[PDB]
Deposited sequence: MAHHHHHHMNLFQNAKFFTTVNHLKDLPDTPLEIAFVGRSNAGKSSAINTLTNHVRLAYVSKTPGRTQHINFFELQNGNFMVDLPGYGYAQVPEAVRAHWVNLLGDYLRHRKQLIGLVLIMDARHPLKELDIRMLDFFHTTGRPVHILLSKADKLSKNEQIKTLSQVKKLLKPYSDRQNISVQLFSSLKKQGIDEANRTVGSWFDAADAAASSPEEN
């Protein structure tokens, strides 16, 4: 239900110009198309998009860090800026990390998890495009990814789910998990 109430609020061009939100969660990932599809499924030139949730809380969609998702000449700088945002954004209470289920935990995915890990805040992973895998492959990939992330449990509660925008699969768990973060924070 939490994401169904989201309303687009404002777009900002530079992290330097972020508004002072009460509380926010961030969506990050390699692929703009996969991340946009997930957000569209959850809510029914890429820039920084703020969506208003209930009670003055916010979700922030940040430009993807994969090839071509921002111009290649500035992508290294963007990775550093986004990494610094994860490390330092004081009102960021949780991270939604979107990764293609066929190719999870690429180097930049892990770098973003490392940038965020010192916060001790929770991460929820959507293994997107789950419909591209057989059901047995989906189950195996989910367990493999969870096992690979166990070292982050020294500081963080990491949760992982399969997600499909095409099949509308996984909406309830995403709402439940992110909802619990704001309930805890409020």
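request  = Mind pulling out the bits of the deposited sequence that never got modelled, as residue ranges from 1?
outcome  = Missing CA coords at 1-9, 54-66, 209-217.
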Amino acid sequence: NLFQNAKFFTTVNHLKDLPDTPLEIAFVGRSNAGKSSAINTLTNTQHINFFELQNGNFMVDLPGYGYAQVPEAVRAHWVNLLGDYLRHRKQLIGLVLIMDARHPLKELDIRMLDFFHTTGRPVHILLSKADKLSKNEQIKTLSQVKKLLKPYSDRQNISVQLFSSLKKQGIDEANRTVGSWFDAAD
From here on, numbers count along this sequence of modelled residues.
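request  = Pick between 17-25 and 161-169: the one whose mean CA B-factor in the entry is higher.
outcome  = Per the PDB record, 161-169.
request  = For the higher mean C-alpha B factor in the entry, choose 28-36 or 125-133.
outcome  = Looking at the recorded C-alpha B-factors, 28-36 comes out higher on average.
key: Top Cα B factor in the deposited entry, candidates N57, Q138, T119, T45   = If I rank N57, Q138, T119, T45 by C-alpha B-factor, first place goes to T45.
ask   = Out of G94, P71, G83, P104, which one has a C-alpha B factor higher than all the others in the entry?
value = The listed residue with the largest C-alpha B-factor is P71.
task = Determine, from the deposited record, the chain-internal third of the Cα B-factor for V79: lowest, middle or highest.
result = Middle third, going by the recorded CA B-factors of the chain.
request  = Please rank the C-alpha B-factors of the chain's modelled residues and tell me whether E52 sits in the lowest, middle or highest third.
outcome  = As the PDB entry reports it, the C-alpha B-factor of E52 lands in the middle third of its chain.
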